Each structure stands twice: as C-alpha cells, then as structure tokens.
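**Q** can you look at this? It's an experimental structure, sequence on top.
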Amino acid sequence: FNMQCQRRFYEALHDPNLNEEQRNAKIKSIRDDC
C-alpha cells in the first residue's frame, strides 16, 4: 500500500483502545477506501 494507507493500517492495528470488532471494522473500512 501507498504511504497514507500503509500508515492508516499500521496505526489502526496498534490501537487497542478499539476492541476486536471495532478494530477489524476499521481495517475493513480503510481497505475499502484505499
């Protein structure tokens, strides 16, 4: 992935303030956009 999307995934992964469902949904949303 391009640097923007790459960093978005990296951040979202390393953000346990989000739980399993929330975090996987975040990754999915970023991946849909990217």
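**A** Yes, it's here. Numbering: from 1, shown residues only.
**Q** quick one: end-to-end distance for stretch 9-27.
**A** 6 Å (CA to CA, to the nearest Å).
**Q** how about residues contacting it?
**A** Contact with stretch 9-27 is made by 1, 30-31, as judged by CB atoms under 8 Å, 6 or more residues apart in numbering. For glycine as for every other residue, the C-beta is placed from the backbone atoms N, C-alpha and C.
**Q** cutoff 6 Å now
**A** By CB atoms under 6 Å, 6 or more residues apart in numbering, the list of residues contacting stretch 9-27 from outside is empty.
**Q** start the count at 81, not 1, going forward
**A** Got it, the first residue is 81 from now on, which makes the last one we talked about stretch 89-107.
**Q** buried residues, it. List them.
**A** 89, 92, 103, 106 (16 or more other CB atoms under 10 Å).
**Q** what would the residues you listed look like in JSON lines with secondary structure?
**A** Output for the buried residues of stretch 89-107, formatted as JSON lines (DSSP: H, G, I helix; E, B strand; the rest coil):
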{"residue": "89", "secondary structure": "helix"}
{"residue": "92", "secondary structure": "helix"}
{"residue": "103", "secondary structure": "helix"}
{"residue": "106", "secondary structure": "helix"}
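**Q** could you identify the most distant pair in the residues you listed?
**A** Based on CB to CB, the longest span within the buried residues of stretch 89-107 runs between 89 and 103 and measures 10.8 Å.
**Q** what about residue 88, how many residues nearby?
**A** Neighbour count of residue 88, defined by other CB atoms under 10 Å: 19.
**Q** work out the gap between the host helix or strand of it and the centre of the chain.
**A** Element membership of residue 88, judged by DSSP states H and E, is helix 83-93. Remark: helix 83-93 is offset 6 Å from the chain centroid, using CA atoms, centre = their mean, to the nearest Å.
**Q** now residue 88. Nearest residue, chain neighbours left out?
**A** residue 110 (4.8 Å; CB to CB, 6 or more residues apart in numbering).
**Q** for residue 94, see how far away the one you found is.
**A** Noted for residue 110: a distance of 13 Å to residue 94, by CB to CB, to the nearest Å.
**Q** same check on residue 87?
**A** Distance from residue 87 to residue 94, by CB to CB: 11 Å.
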